[PDB]
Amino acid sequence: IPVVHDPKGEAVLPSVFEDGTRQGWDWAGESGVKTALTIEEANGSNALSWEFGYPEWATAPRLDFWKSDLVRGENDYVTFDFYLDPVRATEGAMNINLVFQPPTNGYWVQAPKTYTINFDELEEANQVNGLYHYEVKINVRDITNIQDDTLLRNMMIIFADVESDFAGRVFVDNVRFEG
C-alpha cells in the first residue's frame, strides 16, 4: 500500500499539531521525500514529524500548506520550531527556504534569505539528549514582489542538503507568522 500519513485536518495558523492532525500540512507534489508524516512528541509538545536521509533540491523534503486566505498582512516573518534527532550527522549543512505560490506572481515567490543549519556545529546548538533545537525565522517583509493583500495560495518549506550526511527524524512545531 501507499505511505499513509496521520490525518490531514484543516489548515490553521498557528500550526500547533495538538488535535491529532497535520492541520493542513502535506508533501508538495515535487517533494524529494514523501515518507510518512505523523504527529510525534518533541520537547513536550506534539509536532509534525518525518524521517529521511540524504544520498548520494531533488533529495529535499518539501512541505506544503494550502490556505485560501493566506496573505502577508502586517507580518514580517514566518517562524517555527525545528528539531532534529540524527542517527548520523557529522558533516555538511542543511538549507531551509520558504516559497509562496501567488497566482498573480506566476505561482512563485521566495523569501530572499536562507536559514542554514551547520552540522559541524551541533555541539554549539541547543540540545537535550540528542534532540537539537533551532528557532527557524525567515523574513517575508523582504519579499518585494508581493503586496500585503496578495493572495499567496500556499506556503512551501524546502529542506535542502549541503554536502551533508544527515539521516534521522525531524520535527516541526508552532508554524506562524510574526510581526
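We number the residues from 1 along the sequence you see.
Gap between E56 and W57: 4 to 9 deposited residues without coordinates. For the pair 123-131 and 66-74, the mean B factor over Cα atoms is greater in 123-131. As recorded in the PDB entry, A11 shows the highest C-alpha B-factor of the residues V170, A11, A167, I158. Among the modelled residues of its chain, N105 has a C-alpha B-factor that falls in the highest third, as given in the PDB entry.
Residue-level temperature factors show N145 in the highest third of its chain, judged at the C-alpha atom.
Split the chain's modelled residues into thirds by C-alpha temperature factor. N118 is in the lowest one. Among all modelled residues in this chain, the alpha-carbon of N139 has a temperature factor (C-alpha) in the lowest third. Residue-level temperature factors show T35 in the middle third of its chain, judged at the C-alpha atom.
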